[PDB]
>>> print(open('data13.txt').read())   # compact mmCIF, C-alpha atoms
# COMPACT_ATOMS: atom_id res chain seq x y z
CA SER A 1 1.63 -34.65 -7.98
CA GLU A 2 0.82 -31.02 -8.74
CA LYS A 3 1.52 -31.24 -12.49
CA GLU A 4 -0.89 -34.17 -12.84
CA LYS A 5 -3.50 -32.14 -10.94
CA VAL A 6 -3.06 -29.24 -13.37
CA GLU A 7 -3.29 -31.60 -16.35
CA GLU A 8 -6.47 -33.28 -15.11
CA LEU A 9 -8.04 -29.90 -14.35
CA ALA A 10 -7.21 -28.71 -17.87
CA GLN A 11 -8.80 -31.86 -19.28
CA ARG A 12 -11.95 -31.19 -17.26
CA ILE A 13 -12.02 -27.61 -18.57
CA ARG A 14 -11.68 -28.89 -22.13
CA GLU A 15 -14.56 -31.30 -21.56
CA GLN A 16 -16.80 -28.60 -20.11
CA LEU A 17 -16.25 -25.71 -22.54
CA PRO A 18 -15.81 -25.99 -26.34
CA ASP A 19 -14.31 -23.21 -28.50
CA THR A 20 -14.57 -20.70 -25.65
CA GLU A 21 -12.07 -17.96 -24.88
CA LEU A 22 -11.83 -19.26 -21.31
CA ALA A 23 -10.85 -22.71 -22.62
CA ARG A 24 -8.24 -21.39 -25.05
CA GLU A 25 -6.72 -19.16 -22.36
CA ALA A 26 -6.74 -22.13 -19.97
CA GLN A 27 -4.78 -24.16 -22.53
CA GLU A 28 -2.39 -21.21 -22.87
CA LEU A 29 -1.93 -21.19 -19.09
CA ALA A 30 -1.39 -24.96 -19.23
CA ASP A 31 1.45 -24.68 -21.73
CA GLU A 32 2.98 -21.67 -19.94
CA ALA A 33 2.94 -23.64 -16.67
CA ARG A 34 4.37 -26.80 -18.24
CA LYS A 35 7.20 -24.69 -19.66
CA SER A 36 7.71 -22.98 -16.30
CA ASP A 37 9.84 -24.75 -13.69
CA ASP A 38 8.56 -22.71 -10.72
CA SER A 39 6.35 -24.58 -8.25
CA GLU A 40 4.63 -21.42 -7.00
CA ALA A 41 3.61 -20.51 -10.55
CA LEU A 42 2.27 -24.04 -11.04
CA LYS A 43 0.15 -23.64 -7.90
CA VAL A 44 -1.14 -20.24 -9.04
CA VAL A 45 -2.11 -21.66 -12.44
CA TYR A 46 -3.84 -24.59 -10.72
CA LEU A 47 -5.83 -22.21 -8.53
CA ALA A 48 -6.86 -20.00 -11.45
CA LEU A 49 -7.95 -23.00 -13.52
CA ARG A 50 -9.99 -24.38 -10.62
CA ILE A 51 -11.65 -20.98 -10.12
CA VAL A 52 -12.57 -20.93 -13.81
CA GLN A 53 -14.01 -24.44 -13.46
CA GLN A 54 -16.13 -23.42 -10.48
CA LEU A 55 -17.52 -20.28 -12.19
CA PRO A 56 -17.72 -20.78 -15.97
CA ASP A 57 -18.57 -17.88 -18.27
CA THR A 58 -18.09 -15.39 -15.44
CA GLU A 59 -16.33 -12.05 -15.09
CA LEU A 60 -14.23 -13.39 -12.20
CA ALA A 61 -13.00 -16.37 -14.24
CA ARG A 62 -11.87 -14.25 -17.20
CA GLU A 63 -10.16 -11.67 -14.99
CA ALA A 64 -8.47 -14.45 -13.00
CA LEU A 65 -7.22 -16.08 -16.21
CA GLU A 66 -5.70 -12.78 -17.34
CA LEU A 67 -4.22 -12.22 -13.87
CA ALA A 68 -2.66 -15.69 -13.89
CA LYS A 69 -1.20 -14.96 -17.33
CA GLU A 70 0.30 -11.70 -16.07
CA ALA A 71 1.66 -13.48 -12.99
CA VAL A 72 3.29 -16.27 -15.00
CA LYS A 73 4.84 -13.70 -17.34
CA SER A 74 6.44 -12.01 -14.32
CA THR A 75 9.63 -13.59 -12.98
CA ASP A 76 9.15 -12.22 -9.44
CA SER A 77 8.25 -14.83 -6.82
CA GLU A 78 6.80 -12.28 -4.38
CA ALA A 79 4.24 -11.22 -6.99
CA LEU A 80 3.39 -14.90 -7.47
CA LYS A 81 2.85 -15.29 -3.72
CA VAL A 82 0.59 -12.22 -3.66
CA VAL A 83 -1.39 -13.49 -6.65
CA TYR A 84 -1.76 -16.92 -5.04
CA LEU A 85 -3.12 -15.40 -1.83
CA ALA A 86 -5.56 -13.19 -3.75
CA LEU A 87 -6.77 -16.07 -5.93
CA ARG A 88 -7.24 -18.18 -2.80
CA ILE A 89 -9.39 -15.39 -1.34
CA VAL A 90 -11.40 -15.40 -4.58
CA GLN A 91 -11.72 -19.20 -4.52
CA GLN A 92 -13.07 -19.21 -0.96
CA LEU A 93 -15.55 -16.31 -1.40
CA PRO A 94 -16.22 -15.51 -5.08
CA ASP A 95 -19.40 -13.43 -4.71
CA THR A 96 -17.95 -11.03 -2.14
CA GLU A 97 -16.34 -7.60 -2.07
CA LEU A 98 -13.13 -9.20 -0.77
CA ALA A 99 -12.86 -11.12 -4.05
CA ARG A 100 -12.92 -7.92 -6.10
CA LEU A 101 -10.55 -6.16 -3.70
CA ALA A 102 -8.04 -9.02 -3.83
CA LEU A 103 -8.30 -9.36 -7.62
CA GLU A 104 -7.61 -5.67 -8.22
CA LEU A 105 -4.90 -5.58 -5.54
CA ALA A 106 -3.06 -8.50 -7.16
CA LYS A 107 -3.56 -6.96 -10.61
CA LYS A 108 -1.89 -3.77 -9.36
CA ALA A 109 0.81 -5.65 -7.42
CA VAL A 110 1.88 -7.47 -10.59
CA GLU A 111 2.48 -4.06 -12.18
CA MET A 112 4.26 -2.52 -9.19
CA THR A 113 8.05 -2.87 -9.11
CA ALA A 114 8.36 -1.66 -5.50
CA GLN A 115 9.15 -4.37 -2.96
CA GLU A 116 7.43 -2.48 -0.13
CA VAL A 117 4.13 -2.51 -2.04
CA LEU A 118 4.40 -6.28 -2.53
CA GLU A 119 5.23 -6.78 1.16
CA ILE A 120 2.30 -4.72 2.42
CA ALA A 121 -0.01 -6.44 -0.08
CA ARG A 122 1.11 -9.87 1.15
CA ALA A 123 0.57 -8.74 4.75
CA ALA A 124 -2.94 -7.46 4.00
CA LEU A 125 -3.84 -10.60 2.04
CA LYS A 126 -2.71 -12.86 4.88
CA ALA A 127 -4.65 -10.66 7.31
CA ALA A 128 -7.78 -11.09 5.18
CA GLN A 129 -7.13 -14.85 4.98
CA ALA A 130 -6.83 -15.00 8.78
CA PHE A 131 -10.29 -13.54 9.53
CA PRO A 132 -12.24 -13.61 6.25
CA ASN A 133 -15.80 -12.39 5.69
CA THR A 134 -15.29 -9.40 7.98
CA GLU A 135 -15.37 -5.62 7.67
CA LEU A 136 -11.76 -5.42 8.88
CA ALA A 137 -10.56 -7.55 5.95
CA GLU A 138 -12.19 -5.24 3.40
CA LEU A 139 -10.64 -2.24 5.15
CA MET A 140 -7.24 -3.97 5.12
CA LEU A 141 -7.29 -4.74 1.39
CA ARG A 142 -8.46 -1.20 0.63
CA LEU A 143 -5.63 0.22 2.77
CA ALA A 144 -3.06 -1.86 0.88
CA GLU A 145 -4.49 -0.63 -2.43
CA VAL A 146 -4.34 3.00 -1.26
CA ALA A 147 -0.69 2.56 -0.25
CA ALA A 148 0.11 1.16 -3.70
CA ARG A 149 -1.64 4.17 -5.24
CA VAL A 150 0.41 6.52 -3.04
CA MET A 151 3.57 4.91 -4.40
CA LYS A 152 2.28 5.30 -7.96
CA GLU A 153 1.52 8.98 -7.32
CA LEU A 154 5.05 9.53 -5.98
CA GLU A 155 6.42 7.91 -9.14
CA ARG A 156 4.31 10.28 -11.24
CA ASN A 157 5.48 13.28 -9.20
CA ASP A 158 9.13 12.35 -9.73
CA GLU A 159 8.71 11.79 -13.47
CA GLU A 160 6.94 15.13 -13.84
CA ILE A 161 9.58 16.97 -11.80
CA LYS A 162 12.28 15.58 -14.11
CA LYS A 163 10.68 17.24 -17.15
CA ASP A 168 4.07 23.20 -15.79
CA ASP A 169 3.15 24.67 -12.41
CA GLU A 170 -0.52 23.75 -12.85
CA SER A 171 0.31 20.10 -13.53
CA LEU A 172 2.61 19.95 -10.50
CA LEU A 173 -0.12 21.43 -8.29
CA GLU A 174 -2.70 18.99 -9.70
CA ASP A 175 -0.45 16.02 -8.92
CA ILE A 176 0.31 17.38 -5.43
CA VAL A 177 -3.43 17.57 -4.76
CA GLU A 178 -3.96 14.06 -6.15
CA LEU A 179 -1.20 12.81 -3.84
CA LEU A 180 -2.49 14.53 -0.69
CA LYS A 181 -6.01 13.22 -1.36
CA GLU A 182 -4.90 9.58 -1.29
CA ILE A 183 -2.58 10.29 1.66
CA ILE A 184 -5.57 11.55 3.67
CA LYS A 185 -7.58 8.52 2.55
CA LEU A 186 -4.80 6.15 3.65
CA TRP A 187 -4.60 7.70 7.11
CA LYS A 188 -8.41 7.69 7.44
CA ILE A 189 -8.52 3.97 6.62
CA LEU A 190 -5.74 3.37 9.14
CA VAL A 191 -7.72 5.23 11.82
CA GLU A 192 -10.82 3.15 11.06
CA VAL A 193 -8.77 -0.05 11.34
CA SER A 194 -7.39 1.20 14.67
CA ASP A 195 -10.94 1.82 15.91
CA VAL A 196 -12.03 -1.70 14.96
CA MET A 197 -8.91 -2.99 16.72
CA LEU A 198 -9.80 -1.01 19.85
CA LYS A 199 -13.25 -2.59 19.84
CA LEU A 200 -11.92 -6.11 19.22
CA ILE A 201 -9.39 -5.91 22.06
CA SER A 202 -11.85 -4.56 24.64
CA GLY B 1 8.11 -16.45 18.19
CA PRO B 2 6.14 -14.24 15.79
CA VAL B 3 5.75 -11.41 18.30
CA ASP B 4 9.48 -11.47 19.05
CA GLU B 5 10.31 -11.23 15.34
CA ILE B 6 7.82 -8.38 14.95
CA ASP B 7 9.34 -6.58 17.94
CA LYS B 8 12.86 -6.92 16.52
CA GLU B 9 11.64 -5.57 13.18
CA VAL B 10 9.85 -2.72 14.98
CA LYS B 11 13.01 -1.67 16.81
CA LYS B 12 14.97 -1.69 13.55
CA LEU B 13 12.28 0.35 11.76
CA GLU B 14 12.20 2.80 14.68
CA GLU B 15 15.94 3.38 14.31
CA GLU B 16 15.40 3.88 10.57
CA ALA B 17 12.60 6.37 11.25
CA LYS B 18 14.88 8.32 13.60
CA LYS B 19 17.46 8.49 10.81
CA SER B 20 14.75 9.73 8.43
CA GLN B 21 13.77 12.42 10.96
CA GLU B 22 17.39 13.56 11.12
CA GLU B 23 17.35 13.74 7.31
CA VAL B 24 14.17 15.86 7.48
CA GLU B 25 15.77 18.31 9.91
CA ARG B 26 18.94 18.63 7.84
CA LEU B 27 16.92 19.11 4.64
CA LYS B 28 14.84 21.88 6.23
CA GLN B 29 17.98 23.70 7.36
CA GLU B 30 19.58 23.23 3.93
CA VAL B 31 16.50 24.61 2.16
CA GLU B 32 16.47 27.67 4.42
CA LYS B 33 20.20 28.27 3.90
CA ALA B 34 19.90 27.88 0.11
CA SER B 35 16.97 30.31 0.11
CA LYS B 36 19.10 32.84 1.98
CA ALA B 37 22.07 32.20 -0.33
CA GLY B 38 20.15 32.78 -3.58
CA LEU B 39 17.15 31.10 -5.17
CA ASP B 40 17.45 29.95 -8.77
CA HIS B 41 15.45 28.02 -11.35
CA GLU B 42 18.00 25.21 -11.66
CA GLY B 43 18.61 25.63 -7.94
CA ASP B 44 14.91 25.04 -7.34
CA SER B 45 15.16 21.92 -9.49
CA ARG B 46 18.12 20.63 -7.46
CA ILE B 47 16.23 21.31 -4.23
CA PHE B 48 13.28 19.43 -5.73
CA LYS B 49 15.46 16.40 -6.46
CA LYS B 50 16.83 16.33 -2.91
CA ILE B 51 13.36 16.82 -1.40
CA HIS B 52 11.96 13.99 -3.52
CA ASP B 53 14.75 11.67 -2.36
CA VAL B 54 13.93 12.48 1.27
CA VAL B 55 10.19 12.03 0.74
CA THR B 56 10.77 8.68 -0.98
CA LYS B 57 12.85 7.36 1.92
CA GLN B 58 10.29 8.58 4.46
CA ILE B 59 7.38 7.00 2.57
CA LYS B 60 9.26 3.70 2.30
CA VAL B 61 9.82 3.72 6.07
CA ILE B 62 6.12 4.49 6.57
CA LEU B 63 5.10 1.60 4.30
CA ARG B 64 7.38 -0.83 6.14
CA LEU B 65 5.81 0.25 9.44
CA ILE B 66 2.33 -0.19 7.94
CA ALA B 67 3.22 -3.67 6.68
CA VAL B 68 4.37 -4.64 10.18
CA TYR B 69 1.11 -3.12 11.44
CA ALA B 70 -0.85 -5.34 9.04
CA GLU B 71 1.06 -8.44 10.14
CA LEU B 72 0.38 -7.54 13.78
CA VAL B 73 -3.35 -7.09 13.08
CA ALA B 74 -3.35 -10.48 11.34
CA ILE B 75 -1.72 -12.03 14.40
CA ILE B 76 -4.10 -10.49 16.93
CA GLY B 77 -7.13 -10.77 14.64
CA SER C 2 7.19 31.36 -7.65
CA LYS C 3 5.03 28.23 -7.69
CA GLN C 4 8.08 25.98 -7.28
CA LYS C 5 8.95 27.74 -4.01
CA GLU C 6 5.41 27.14 -2.76
CA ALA C 7 5.68 23.47 -3.75
CA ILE C 8 8.96 23.33 -1.81
CA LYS C 9 7.21 24.67 1.29
CA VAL C 10 4.32 22.23 0.80
CA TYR C 11 6.69 19.26 0.59
CA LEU C 12 8.54 20.49 3.69
CA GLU C 13 5.26 20.74 5.61
CA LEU C 14 4.34 17.22 4.47
CA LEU C 15 7.71 15.95 5.70
CA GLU C 16 7.27 17.64 9.09
CA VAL C 17 3.78 16.14 9.41
CA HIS C 18 4.85 12.60 8.50
CA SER C 19 7.66 12.92 11.05
CA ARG C 20 4.98 13.01 13.77
CA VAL C 21 2.90 10.37 11.97
CA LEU C 22 5.87 8.03 12.43
CA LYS C 23 5.97 8.57 16.20
CA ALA C 24 2.21 8.08 16.57
CA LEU C 25 2.22 4.90 14.47
CA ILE C 26 5.19 3.43 16.34
CA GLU C 27 3.41 4.16 19.63
CA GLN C 28 0.32 2.34 18.36
CA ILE C 29 2.38 -0.66 17.21
CA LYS C 30 4.16 -0.90 20.57
CA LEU C 31 0.81 -0.73 22.37
CA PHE C 32 -0.56 -3.50 20.15
CA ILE C 33 2.47 -5.69 20.88
CA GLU C 34 2.04 -5.09 24.62
CA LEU C 35 -1.66 -5.95 24.35
CA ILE C 36 -0.79 -9.18 22.55
CA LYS C 37 1.72 -10.04 25.29
CA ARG C 38 -0.67 -9.42 28.21
CA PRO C 39 -4.29 -8.18 28.30
CA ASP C 40 -4.44 -4.91 30.23
CA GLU C 41 -7.38 -2.50 30.26
CA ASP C 42 -5.10 0.51 30.79
CA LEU C 43 -3.56 0.04 27.34
CA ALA C 44 -6.85 0.65 25.51
CA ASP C 45 -6.99 4.25 26.77
CA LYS C 46 -3.47 4.92 25.47
CA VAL C 47 -4.33 3.33 22.11
CA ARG C 48 -7.35 5.65 21.91
CA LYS C 49 -5.14 8.64 22.79
CA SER C 50 -2.69 7.77 20.01
CA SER C 51 -5.62 7.39 17.60
CA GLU C 52 -6.86 10.87 18.55
CA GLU C 53 -3.39 12.28 17.89
CA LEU C 54 -3.46 10.58 14.48
CA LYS C 55 -6.85 12.17 13.78
CA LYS C 56 -5.46 15.62 14.60
CA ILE C 57 -2.58 14.95 12.20
CA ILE C 58 -5.14 14.03 9.52
CA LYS C 59 -6.85 17.37 10.12
CA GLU C 60 -3.53 19.17 9.60
CA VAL C 61 -2.99 17.32 6.31
CA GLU C 62 -6.48 18.35 5.20
CA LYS C 63 -5.61 21.97 5.99
CA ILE C 64 -2.53 21.65 3.76
CA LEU C 65 -4.75 20.21 1.01
CA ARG C 66 -7.10 23.20 1.21
CA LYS C 67 -4.11 25.56 1.05
CA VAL C 68 -3.04 23.88 -2.19
CA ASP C 69 -6.60 23.94 -3.56
CA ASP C 70 -6.61 27.73 -3.21
CA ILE C 71 -3.44 27.96 -5.31
CA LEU C 72 -5.00 25.69 -7.92
CA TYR C 73 -8.01 28.01 -8.10
CA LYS C 74 -5.73 31.04 -8.47
CA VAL C 75 -3.65 29.41 -11.21
CA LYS C 76 -6.36 27.86 -13.39
CA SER C 77 -8.72 30.85 -13.47
>>> encode(input="data13.txt", output="structure tokens")
Amino acid sequence: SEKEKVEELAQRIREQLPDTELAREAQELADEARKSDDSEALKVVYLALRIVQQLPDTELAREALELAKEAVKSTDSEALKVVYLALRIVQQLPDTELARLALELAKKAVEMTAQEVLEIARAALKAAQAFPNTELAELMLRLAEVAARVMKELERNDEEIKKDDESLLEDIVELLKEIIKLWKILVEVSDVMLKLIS
Amino acid sequence: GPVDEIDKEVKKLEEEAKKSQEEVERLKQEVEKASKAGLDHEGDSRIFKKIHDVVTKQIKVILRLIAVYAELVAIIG
Amino acid sequence: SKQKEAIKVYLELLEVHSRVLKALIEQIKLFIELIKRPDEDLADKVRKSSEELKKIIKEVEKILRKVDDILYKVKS
């Protein structure tokens, strides 16, 4: 009965907000989900619409609507899973740093075409879902984001090598910076793990 | 169980990392030999392409290991 | 000239990540063993692997400074 849930939620949105961009984009999500035959996409649209209902005229609601649009437009199911986990994190704790981390991580994961980035993002999102409202969860989401950025920097390096010594050196520095940041975050996570085990 | 699956995946990724280390050794030797045989502009570009391939494979192995690390942290909490 | 230096930088990065792999696999194995059975001895080895990882981070930072010097020489 998921489609009926989505329809009733859209009706509630229509009742609550008149001639608002959130309402028009919610109707757009409604039609894009009705056209879509994927159950995961239906669940993601449901979650985004419910988040918009809970926080009307909010930055999180607008960004989540646009993220749900970008996720429905993508035909990759792994990206849909990542977006669903991130939107669930946002639904549980909206006014938290984890919400922003998960929103931006899903926004970047929709763009990424690498399967390893999607896998590590799903792992980090499930780790944050396991023990939410903790320092370790924030560190995990930030680590996943830094890994995605490392992949993006490698893509840039390749594309610039195909086609400038100063630009190559600049991109090498920008890669090593985020590499060091990734390993530092990993060491911090390992320290928190050491303290949790003892 | 989940830990058994993670351990199987870890053994497979360790074998893959050993293969990547072999690639690193062979690439270092090849770069040294090509430097001794004659450096060139287009030769430098070819060496760049090979090096980027090796770096890409190594980084993918690293990211798979880090994803398994994240799953393990989620399990232990 | 600069392409040769970039070649050497990438080779150094490869050699460093080769040891990063060993350290990270050691940490993952120690975590799996800790999940299987709680032993106090394993925490010391986890800390040792973490210290090795920190030393590797220091080496990467040294490489970054080496590249920063070349950037200064090229731009100015």
>>> interface_residues(input="data13.txt", of="chain A", to="chain C", cutoff="10 Å", atoms="all atoms listed in the file", output="ChimeraX atom specification")
/A:168-174,176-181,183-188,190-192,194-195,197-199,201-202
>>> residues_around(input="data13.txt", residues="residue 12 in chain C", least_positions_apart="4", cutoff="9 Å", atoms="only C-alpha atoms", output="list in words")
residues 24, 27, 28 and 51 of chain B; 7, 8, 16 and 17 of chain C
>>> closest_residue(input="data13.txt", among="A:159, A:151, A:134, A:127", to="chain B", atoms="all atoms listed in the file")
A:127
>>> closest_atom_pairs(input="data13.txt", of="chain B", to="chain C", cutoff="8 Å", atoms="all atoms listed in the file", output="Markdown table")
| residue | atom | partner | partner_atom | distance |
| --- | --- | --- | --- | --- |
| B:3 | CA | C:33 | CA | 7.1 |
| B:7 | CA | C:33 | CA | 7.5 |
| B:10 | CA | C:26 | CA | 7.8 |
| B:14 | CA | C:26 | CA | 7.2 |
| B:17 | CA | C:22 | CA | 7.0 |
| B:21 | CA | C:19 | CA | 6.1 |
| B:24 | CA | C:15 | CA | 6.7 |
| B:28 | CA | C:12 | CA | 6.9 |
| B:44 | CA | C:4 | CA | 6.9 |
| B:47 | CA | C:8 | CA | 7.9 |
| B:48 | CA | C:8 | CA | 7.0 |
| B:51 | CA | C:11 | CA | 7.4 |
| B:55 | CA | C:15 | CA | 6.8 |
| B:58 | CA | C:18 | CA | 7.9 |
| B:62 | CA | C:22 | CA | 6.9 |
| B:65 | CA | C:26 | CA | 7.6 |
| B:69 | CA | C:29 | CA | 6.4 |
| B:72 | CA | C:32 | CA | 7.6 |
| B:76 | CA | C:36 | CA | 6.7 |
>>> atom_distance(input="data13.txt", atom1="CA of residue 103 in chain A", atom2="CA of residue 87 in chain A")
7.1 Å
>>> atom_distance(input="data13.txt", atom1="CA of residue 89 in chain A", atom2="CA of residue 42 in chain A")
17.5 Å
>>> closest_atom_pairs(input="data13.txt", of="chain B", to="chain A", cutoff="10 Å", atoms="all atoms listed in the file", output="JSON lines")
{"residue": "B:45", "atom": "CA", "partner": "A:161", "partner_atom": "CA", "distance": 7.8}
{"residue": "B:48", "atom": "CA", "partner": "A:161", "partner_atom": "CA", "distance": 7.5}
{"residue": "B:49", "atom": "CA", "partner": "A:161", "partner_atom": "CA", "distance": 8.0}
{"residue": "B:52", "atom": "CA", "partner": "A:158", "partner_atom": "CA", "distance": 7.0}
{"residue": "B:53", "atom": "CA", "partner": "A:158", "partner_atom": "CA", "distance": 9.3}
{"residue": "B:55", "atom": "CA", "partner": "A:154", "partner_atom": "CA", "distance": 8.8}
{"residue": "B:56", "atom": "CA", "partner": "A:154", "partner_atom": "CA", "distance": 7.6}
{"residue": "B:59", "atom": "CA", "partner": "A:151", "partner_atom": "CA", "distance": 8.2}
{"residue": "B:60", "atom": "CA", "partner": "A:116", "partner_atom": "CA", "distance": 6.9}
{"residue": "B:61", "atom": "CA", "partner": "A:116", "partner_atom": "CA", "distance": 9.1}
{"residue": "B:62", "atom": "CA", "partner": "A:116", "partner_atom": "CA", "distance": 9.8}
{"residue": "B:63", "atom": "CA", "partner": "A:116", "partner_atom": "CA", "distance": 6.5}
{"residue": "B:64", "atom": "CA", "partner": "A:116", "partner_atom": "CA", "distance": 6.5}
{"residue": "B:65", "atom": "CA", "partner": "A:120", "partner_atom": "CA", "distance": 9.3}
{"residue": "B:66", "atom": "CA", "partner": "A:120", "partner_atom": "CA", "distance": 7.1}
{"residue": "B:67", "atom": "CA", "partner": "A:120", "partner_atom": "CA", "distance": 4.5}
{"residue": "B:68", "atom": "CA", "partner": "A:123", "partner_atom": "CA", "distance": 7.8}
{"residue": "B:69", "atom": "CA", "partner": "A:123", "partner_atom": "CA", "distance": 8.8}
{"residue": "B:70", "atom": "CA", "partner": "A:123", "partner_atom": "CA", "distance": 5.7}
{"residue": "B:71", "atom": "CA", "partner": "A:123", "partner_atom": "CA", "distance": 5.4}
{"residue": "B:72", "atom": "CA", "partner": "A:127", "partner_atom": "CA", "distance": 8.8}
{"residue": "B:73", "atom": "CA", "partner": "A:127", "partner_atom": "CA", "distance": 6.9}
{"residue": "B:74", "atom": "CA", "partner": "A:127", "partner_atom": "CA", "distance": 4.2}
{"residue": "B:75", "atom": "CA", "partner": "A:127", "partner_atom": "CA", "distance": 7.8}
{"residue": "B:76", "atom": "CA", "partner": "A:201", "partner_atom": "CA", "distance": 8.7}
{"residue": "B:77", "atom": "CA", "partner": "A:131", "partner_atom": "CA", "distance": 6.6}
>>> write_last_selection(input="data13.txt", atoms="C-alpha atoms", output="PDB file, in the frame of the given file")
ATOM      1  CA  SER B  45      15.160  21.920  -9.490  1.00  0.00           C
ATOM      2  CA  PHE B  48      13.280  19.430  -5.730  1.00  0.00           C
ATOM      3  CA  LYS B  49      15.460  16.400  -6.460  1.00  0.00           C
ATOM      4  CA  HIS B  52      11.960  13.990  -3.520  1.00  0.00           C
ATOM      5  CA  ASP B  53      14.750  11.670  -2.360  1.00  0.00           C
ATOM      6  CA  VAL B  55      10.190  12.030   0.740  1.00  0.00           C
ATOM      7  CA  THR B  56      10.770   8.680  -0.980  1.00  0.00           C
ATOM      8  CA  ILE B  59       7.380   7.000   2.570  1.00  0.00           C
ATOM      9  CA  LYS B  60       9.260   3.700   2.300  1.00  0.00           C
ATOM     10  CA  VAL B  61       9.820   3.720   6.070  1.00  0.00           C
ATOM     11  CA  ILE B  62       6.120   4.490   6.570  1.00  0.00           C
ATOM     12  CA  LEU B  63       5.100   1.600   4.300  1.00  0.00           C
ATOM     13  CA  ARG B  64       7.380  -0.830   6.140  1.00  0.00           C
ATOM     14  CA  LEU B  65       5.810   0.250   9.440  1.00  0.00           C
ATOM     15  CA  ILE B  66       2.330  -0.190   7.940  1.00  0.00           C
ATOM     16  CA  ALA B  67       3.220  -3.670   6.680  1.00  0.00           C
ATOM     17  CA  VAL B  68       4.370  -4.640  10.180  1.00  0.00           C
ATOM     18  CA  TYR B  69       1.110  -3.120  11.440  1.00  0.00           C
ATOM     19  CA  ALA B  70      -0.850  -5.340   9.040  1.00  0.00           C
ATOM     20  CA  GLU B  71       1.060  -8.440  10.140  1.00  0.00           C
ATOM     21  CA  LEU B  72       0.380  -7.540  13.780  1.00  0.00           C
ATOM     22  CA  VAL B  73      -3.350  -7.090  13.080  1.00  0.00           C
ATOM     23  CA  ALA B  74      -3.350 -10.480  11.340  1.00  0.00           C
ATOM     24  CA  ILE B  75      -1.720 -12.030  14.400  1.00  0.00           C
ATOM     25  CA  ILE B  76      -4.100 -10.490  16.930  1.00  0.00           C
ATOM     26  CA  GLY B  77      -7.130 -10.770  14.640  1.00  0.00           C
TER      27      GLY B  77
END
>>> residues_near_point(input="data13.txt", point="(-1.4, -4.8, -13.4)", cutoff="12 Å", atoms="all atoms listed in the file", output="ChimeraX atom specification")
/A:63-64,66-71,73-74,79,83,103-113,148
>>> atom_distance(input="data13.txt", atom1="CA of residue 138 in chain A", atom2="CA of residue 96 in chain A")
9.9 Å
>>> residues_near_point(input="data13.txt", point="(-18.5, -18.8, -11.1)", cutoff="12 Å", atoms="all atoms listed in the file", output="count of residues only")
25
>>> build_atoms(input="data13.txt", residues="range 34-47 of chain A", atoms="N, CA and C atoms", output="CSV table (one decimal), in the frame of the given file")
chain,number,residue,atom,x,y,z
A,34,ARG,N,3.5,-25.7,-17.9
A,34,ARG,CA,4.4,-26.8,-18.2
A,34,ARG,C,5.8,-26.3,-18.6
A,35,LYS,N,5.9,-25.2,-19.3
A,35,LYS,CA,7.2,-24.7,-19.7
A,35,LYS,C,7.9,-24.1,-18.4
A,36,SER,N,7.1,-23.6,-17.5
A,36,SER,CA,7.7,-23.0,-16.3
A,36,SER,C,8.2,-24.1,-15.3
A,37,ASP,N,9.3,-23.8,-14.7
A,37,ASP,CA,9.8,-24.8,-13.7
A,37,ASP,C,9.6,-24.3,-12.3
A,38,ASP,N,8.8,-23.2,-12.0
A,38,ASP,CA,8.6,-22.7,-10.7
A,38,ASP,C,7.3,-23.4,-10.1
A,39,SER,N,7.5,-23.9,-8.9
A,39,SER,CA,6.4,-24.6,-8.2
A,39,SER,C,5.2,-23.6,-7.9
A,40,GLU,N,5.6,-22.4,-7.4
A,40,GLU,CA,4.6,-21.4,-7.0
A,40,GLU,C,3.8,-21.0,-8.2
A,41,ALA,N,4.4,-20.8,-9.4
A,41,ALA,CA,3.6,-20.5,-10.6
A,41,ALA,C,2.7,-21.6,-10.9
A,42,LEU,N,3.1,-22.9,-10.8
A,42,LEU,CA,2.3,-24.0,-11.0
A,42,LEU,C,1.1,-24.0,-10.1
A,43,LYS,N,1.3,-23.7,-8.8
A,43,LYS,CA,0.2,-23.6,-7.9
A,43,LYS,C,-0.8,-22.5,-8.2
A,44,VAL,N,-0.3,-21.4,-8.7
A,44,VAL,CA,-1.1,-20.2,-9.0
A,44,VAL,C,-2.0,-20.6,-10.3
A,45,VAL,N,-1.4,-21.3,-11.3
A,45,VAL,CA,-2.1,-21.7,-12.4
A,45,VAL,C,-3.2,-22.7,-12.1
A,46,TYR,N,-2.9,-23.6,-11.2
A,46,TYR,CA,-3.8,-24.6,-10.7
A,46,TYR,C,-5.0,-23.9,-10.1
A,47,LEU,N,-4.8,-22.9,-9.2
A,47,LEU,CA,-5.8,-22.2,-8.5
A,47,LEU,C,-6.7,-21.4,-9.5
